[PDB]
Protein chains: 2
Amino acid sequence: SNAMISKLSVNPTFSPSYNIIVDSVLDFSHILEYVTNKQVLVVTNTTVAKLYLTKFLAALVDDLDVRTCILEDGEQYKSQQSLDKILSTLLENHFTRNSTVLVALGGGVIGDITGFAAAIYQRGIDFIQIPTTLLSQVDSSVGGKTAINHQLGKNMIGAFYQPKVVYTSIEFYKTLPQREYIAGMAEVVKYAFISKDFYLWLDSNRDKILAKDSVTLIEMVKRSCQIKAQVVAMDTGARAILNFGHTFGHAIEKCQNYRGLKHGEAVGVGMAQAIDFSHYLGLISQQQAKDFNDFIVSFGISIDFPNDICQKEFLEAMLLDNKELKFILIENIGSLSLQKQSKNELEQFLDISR
Amino acid sequence: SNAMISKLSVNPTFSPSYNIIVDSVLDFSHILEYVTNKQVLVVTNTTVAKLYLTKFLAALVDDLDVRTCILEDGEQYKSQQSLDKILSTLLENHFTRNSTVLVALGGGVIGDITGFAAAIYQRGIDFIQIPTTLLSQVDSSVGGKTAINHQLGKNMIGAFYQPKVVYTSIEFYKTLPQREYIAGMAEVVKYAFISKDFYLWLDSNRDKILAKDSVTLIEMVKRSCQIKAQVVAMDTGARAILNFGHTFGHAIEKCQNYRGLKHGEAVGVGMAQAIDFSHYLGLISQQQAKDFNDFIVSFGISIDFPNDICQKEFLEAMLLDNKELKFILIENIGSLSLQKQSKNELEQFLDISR
Ligand SMILES: NC(=O)c1ccc[n+]([C@@H]2O[C@H](COP(=O)([O-])OP(=O)(O)OC[C@H]3O[C@@H](n4cnc5c(N)ncnc54)[C@H](O)[C@@H]3O)[C@@H](O)[C@H]2O)c1
Ligand SMILES: NC(=O)c1ccc[n+]([C@@H]2O[C@H](COP(=O)([O-])OP(=O)(O)OC[C@H]3O[C@@H](n4cnc5c(N)ncnc54)[C@H](O)[C@@H]3O)[C@@H](O)[C@H]2O)c1
Ligand SMILES: [Cl-]
Ligand SMILES: [Cl-]
């Protein structure tokens, strides 16, 4: 009835609009409009299932044809093998193209695979997202990227597929581990470097954000989503800025074998590097770099570069992406650029690092 | 230089236009414009490879980064297993999202899997079709359907993906088995039931078509493609008519385990059934039905219903598609309709059949 909620209309230029709902309580009924008289398959992992599945099923339980596919927890399971489980469940239970809906209940991993499945099953069926991690709330909810991993590369197979609705709740943070939360906070901070307005907003509401004030967190999520929506709306060209800090981030994950820092933790460290590298190239002053890194730390995000990564391998990891060597660099808050830079510059910059 | 060719612009409403090139000679250079300075992977099966691969590679051979993936011949190989071979080849050889092109050199099976691979590899890369069968020339070249089979269902996983160009040659018929050719001719005839103009054209050029006059065959292919292009342009709603005779067709294939009649042969028999069923329902007169079936036979297509299919299983095969029981029925040449019909009607109609 009278519970703080927030809706944000996202309107893809090549698809019908949908809205991202962010609420203070956990009330899965906000999605019944897209689940009625439909064959529903919920995809989750063991953990999210343990915590939310029986509550979710209970929020429907209206004699509706509902099935579940519980994948294993982990990035390794965003695989073809898991995709086949989702696809067999759909085929074994004769889920038609017309009244089928996949519901992705979980974090980014579940969101990617479920979205991809929905994109290919009979060349596309309704897809509903329920991001249960901060990172997936502010990053998966907009853009339409869906994908799965291959032994030879992560996120190499996928599709652009929009959801019918995105329902999420700040209540999910009550069960989300501190590291996972902070990892997602790195994505939020990224939007602050993209948008000067957001930067000022976060800087003013830090106290409430850290104290987890419901009204504030809801708006924080909403504004992050608006920024990504506005960036993709520019079409994919100047959209590259969303990769601020990912070049260094992806390389950290590759060097640790994706068993060190979480994805979001790597982005945090990566942004700190893009900043320092931006200064090295003379794009920002030392003061600006100190201020920017301070800001990341300001929100509990760690910017320390992992001790177990060698310079040799780290440099090699960044060159694999002959082609040209492009980075997302900062010139000012709200001013990021896709910038081509030599291997020498990169190598010389990493010497200060060791 | 001076060789009869035919281009037909197809303009998908949700994608850039492309054109279907149909020529009298085999000259693969008509595609160099979409292969220059690109990493090229050619997908084919053992047979098409045997006959055309070394000619194809020789038509490029300009120090270009070209690779091949030779799948096994057969519908059974339009599988995830084959899709993985195409995907590993792309990843092992570091084919980027930006200068990659998949070339589907073969018939419909190769066209579907290659198109699907191109649709998902890094969420979409350039796709080029070289249909080597009559059926794939007039059916795969328009519409954008790509798919792969699953043990639990044929063409259940796929994507809508348009090509950059479609190059084909009537020269391919010189190596194409009579049955395969005739099977493709069933698809051409289908367009005659869809379009009264085409019907009249085929009826006038039968002699030349059967005698394989180059100028005539080229136009036949061109006009078939125009019809499908015009049908999909109506958007997917009234587009169902393209399934004229497929309801019965798919059922024949299911009963024979896809080891009896070829796909196109089944469509031929299927159309003959849709016609007889249309008469049974009182939509067309007996004379019309006799005329329509005569016309199919007119082009060397067989309309005999397979002797090895039991009524029991055949009826069961058609009900699997509770939902409603819809057929594409004829009311006149150029007048097909998606028509809902009872199980009783269907069963009663099949009694005349045995
Ligand atoms: N396609 C996109 O737009 C996009 C954008 C960003 C990230 N991603 C993808 O997202 C993935 C990582 O995202 P992520 O940070 O959600 O990681 P994740 O999906 O692996 O989730 C991390 C962990 O948190 C658990 N978890 C999730 N929600 C929880 C909750 N409410 N309470 C307790 N535990 C919970 C999961 O079981 C898992 O162990 C990456 O694979 C990345 O490729 C996709
Ligand atoms: N997506 C679409 O728009 C669409 C439309 C119609 C059919 N299809 C698909 O196409 C498939 C069947 O099409 P098809 O009739 O091309 O069958 P096919 O692709 O299996 O080819 C039939 C046989 O002909 C051989 N062959 C092909 N070209 C040849 C040539 N020039 N000379 C000698 N041999 C040759 C092949 O090796 C194969 O044995 C079905 O799986 C169907 O799903 C797709
Ligand atoms: Cl970067
Ligand atoms: Cl039919």
# chains A, B, ... in the order shown; residues from 1 in each chain; ligands from 1
>>> interface_residues(of="chain B", to="chain A", cutoff="8 Å", atoms="only C-alpha atoms", output="list in words")
residues 88, 91, 92, 119, 120, 121, 122, 123, 124, 147, 152, 153, 155, 156, 157, 158, 159 and 160 of chain B
>>> write_last_selection(atoms="N, CA and C atoms", output="PDB file, in the first residue's frame")
ATOM      1  N   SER B  88      34.683 -22.573 -31.099  1.00  0.00           N
ATOM      2  CA  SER B  88      36.079 -22.783 -30.712  1.00  0.00           C
ATOM      3  C   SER B  88      37.007 -22.265 -31.787  1.00  0.00           C
ATOM      4  N   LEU B  91      37.319 -18.602 -31.345  1.00  0.00           N
ATOM      5  CA  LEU B  91      38.062 -18.219 -30.160  1.00  0.00           C
ATOM      6  C   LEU B  91      39.532 -18.624 -30.222  1.00  0.00           C
ATOM      7  N   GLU B  92      39.808 -19.842 -30.696  1.00  0.00           N
ATOM      8  CA  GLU B  92      41.190 -20.317 -30.835  1.00  0.00           C
ATOM      9  C   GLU B  92      41.984 -19.412 -31.740  1.00  0.00           C
ATOM     10  N   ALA B 119      25.118 -14.759 -34.900  1.00  0.00           N
ATOM     11  CA  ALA B 119      24.227 -13.950 -34.090  1.00  0.00           C
ATOM     12  C   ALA B 119      24.651 -13.846 -32.616  1.00  0.00           C
ATOM     13  N   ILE B 120      25.394 -14.840 -32.134  1.00  0.00           N
ATOM     14  CA  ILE B 120      25.755 -14.897 -30.722  1.00  0.00           C
ATOM     15  C   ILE B 120      27.203 -14.621 -30.396  1.00  0.00           C
ATOM     16  N   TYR B 121      28.083 -14.909 -31.357  1.00  0.00           N
ATOM     17  CA  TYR B 121      29.516 -14.665 -31.191  1.00  0.00           C
ATOM     18  C   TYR B 121      29.742 -13.183 -30.917  1.00  0.00           C
ATOM     19  N   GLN B 122      30.132 -12.890 -29.681  1.00  0.00           N
ATOM     20  CA  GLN B 122      30.353 -11.521 -29.199  1.00  0.00           C
ATOM     21  C   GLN B 122      29.136 -10.638 -29.501  1.00  0.00           C
ATOM     22  N   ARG B 123      27.967 -11.242 -29.238  1.00  0.00           N
ATOM     23  CA  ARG B 123      26.648 -10.659 -29.441  1.00  0.00           C
ATOM     24  C   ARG B 123      26.421 -10.158 -30.866  1.00  0.00           C
ATOM     25  N   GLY B 124      26.951 -10.869 -31.863  1.00  0.00           N
ATOM     26  CA  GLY B 124      26.753 -10.478 -33.277  1.00  0.00           C
ATOM     27  C   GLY B 124      27.934 -10.004 -34.118  1.00  0.00           C
ATOM     28  N   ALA B 147      18.791 -20.972 -36.449  1.00  0.00           N
ATOM     29  CA  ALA B 147      18.485 -21.887 -35.345  1.00  0.00           C
ATOM     30  C   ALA B 147      19.362 -23.117 -35.330  1.00  0.00           C
ATOM     31  N   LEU B 152      15.535 -32.511 -27.653  1.00  0.00           N
ATOM     32  CA  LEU B 152      14.118 -32.412 -27.323  1.00  0.00           C
ATOM     33  C   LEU B 152      13.264 -31.635 -28.309  1.00  0.00           C
ATOM     34  N   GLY B 153      13.874 -31.115 -29.367  1.00  0.00           N
ATOM     35  CA  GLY B 153      13.109 -30.358 -30.359  1.00  0.00           C
ATOM     36  C   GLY B 153      13.926 -29.748 -31.463  1.00  0.00           C
ATOM     37  N   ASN B 155      14.859 -26.929 -34.225  1.00  0.00           N
ATOM     38  CA  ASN B 155      14.748 -25.471 -34.375  1.00  0.00           C
ATOM     39  C   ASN B 155      14.129 -24.752 -33.188  1.00  0.00           C
ATOM     40  N   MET B 156      14.535 -25.139 -31.985  1.00  0.00           N
ATOM     41  CA  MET B 156      14.001 -24.588 -30.735  1.00  0.00           C
ATOM     42  C   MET B 156      14.860 -23.502 -30.110  1.00  0.00           C
ATOM     43  N   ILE B 157      16.095 -23.419 -30.577  1.00  0.00           N
ATOM     44  CA  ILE B 157      17.070 -22.474 -30.105  1.00  0.00           C
ATOM     45  C   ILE B 157      17.534 -21.744 -31.350  1.00  0.00           C
ATOM     46  N   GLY B 158      17.509 -20.418 -31.313  1.00  0.00           N
ATOM     47  CA  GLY B 158      17.927 -19.639 -32.467  1.00  0.00           C
ATOM     48  C   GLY B 158      17.850 -18.142 -32.262  1.00  0.00           C
ATOM     49  N   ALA B 159      17.988 -17.394 -33.354  1.00  0.00           N
ATOM     50  CA  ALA B 159      17.932 -15.948 -33.297  1.00  0.00           C
ATOM     51  C   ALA B 159      17.503 -15.376 -34.632  1.00  0.00           C
ATOM     52  N   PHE B 160      16.963 -14.155 -34.610  1.00  0.00           N
ATOM     53  CA  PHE B 160      16.654 -13.471 -35.867  1.00  0.00           C
ATOM     54  C   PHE B 160      17.938 -12.698 -36.204  1.00  0.00           C
TER      55      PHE B 160
END
>>> residues_near_ligand(ligand="ligand 4", cutoff="8 Å", atoms="only C-alpha atoms and all ligand atoms", output="VMD selection string")
chain B and resid 243 to 249 270 to 271 273 to 274 326 to 329
>>> residues_near_ligand(ligand="ligand 2", cutoff="8 Å", atoms="only C-alpha atoms and all ligand atoms", output="PyMOL selection string")
chain B and resi 45-48+51+73-75+78+106-112+131-136+139-147+154-155+171-177+180+183-184+262-264
>>> closest_residue(among="B:238, B:289, B:61, B:217", to="residue B:188", atoms="only C-alpha atoms")
B:217
>>> residues_around(residues="residue B:349", least_positions_apart="5", cutoff="12 Å", atoms="only C-alpha atoms", output="ChimeraX atom specification")
/B:273-282,311,315,341-344,354
>>> write_last_selection(atoms="N, CA and C atoms", output="compact mmCIF listing (two decimals), in the first residue's frame")
# COMPACT_ATOMS: atom_id res chain seq x y z
N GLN B 273 -1.87 -31.88 -48.77
CA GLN B 273 -2.82 -32.15 -47.71
C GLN B 273 -3.61 -30.95 -47.27
N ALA B 274 -2.93 -29.81 -47.10
CA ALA B 274 -3.59 -28.57 -46.74
C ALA B 274 -4.70 -28.27 -47.78
N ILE B 275 -4.41 -28.55 -49.05
CA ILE B 275 -5.36 -28.33 -50.15
C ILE B 275 -6.58 -29.24 -49.96
N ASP B 276 -6.35 -30.55 -49.87
CA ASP B 276 -7.42 -31.54 -49.65
C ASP B 276 -8.20 -31.25 -48.37
N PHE B 277 -7.49 -30.84 -47.32
CA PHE B 277 -8.13 -30.48 -46.06
C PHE B 277 -8.95 -29.19 -46.25
N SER B 278 -8.45 -28.27 -47.09
CA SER B 278 -9.19 -27.04 -47.37
C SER B 278 -10.51 -27.36 -48.06
N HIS B 279 -10.50 -28.40 -48.90
CA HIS B 279 -11.71 -28.77 -49.61
C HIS B 279 -12.66 -29.45 -48.66
N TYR B 280 -12.11 -30.33 -47.83
CA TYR B 280 -12.90 -31.05 -46.84
C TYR B 280 -13.68 -30.03 -45.97
N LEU B 281 -13.04 -28.92 -45.64
CA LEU B 281 -13.67 -27.90 -44.81
C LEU B 281 -14.59 -27.01 -45.61
N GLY B 282 -14.67 -27.24 -46.91
CA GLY B 282 -15.53 -26.44 -47.76
C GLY B 282 -15.01 -25.08 -48.17
N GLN B 311 -1.97 -43.67 -38.99
CA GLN B 311 -2.89 -42.58 -38.65
C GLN B 311 -2.78 -42.16 -37.18
N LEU B 315 -1.76 -38.35 -36.27
CA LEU B 315 -2.67 -37.45 -35.55
C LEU B 315 -2.00 -36.94 -34.26
N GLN B 341 -9.00 -25.02 -36.24
CA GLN B 341 -9.86 -26.13 -36.63
C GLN B 341 -9.85 -27.25 -35.55
N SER B 342 -10.98 -27.91 -35.28
CA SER B 342 -11.03 -28.98 -34.25
C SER B 342 -10.21 -30.25 -34.53
N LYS B 343 -9.96 -31.01 -33.46
CA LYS B 343 -9.23 -32.25 -33.53
C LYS B 343 -10.09 -33.23 -34.30
N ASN B 344 -11.41 -33.13 -34.11
CA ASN B 344 -12.39 -33.99 -34.77
C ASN B 344 -12.32 -33.83 -36.29
N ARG B 354 -6.50 -42.87 -44.35
CA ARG B 354 -6.26 -44.18 -43.70
C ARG B 354 -5.08 -43.98 -42.74
>>> residues_around(residues="residue B:268", least_positions_apart="6", cutoff="7 Å", atoms="only C-alpha atoms", output="PyMOL selection string")
chain B and resi 186+301-303
>>> residues_around(residues="residue A:22", least_positions_apart="4", cutoff="8 Å", atoms="only C-alpha atoms", output="list in words")
residues 5, 6, 7, 167, 168, 169, 170, 218, 221 and 222 of chain A
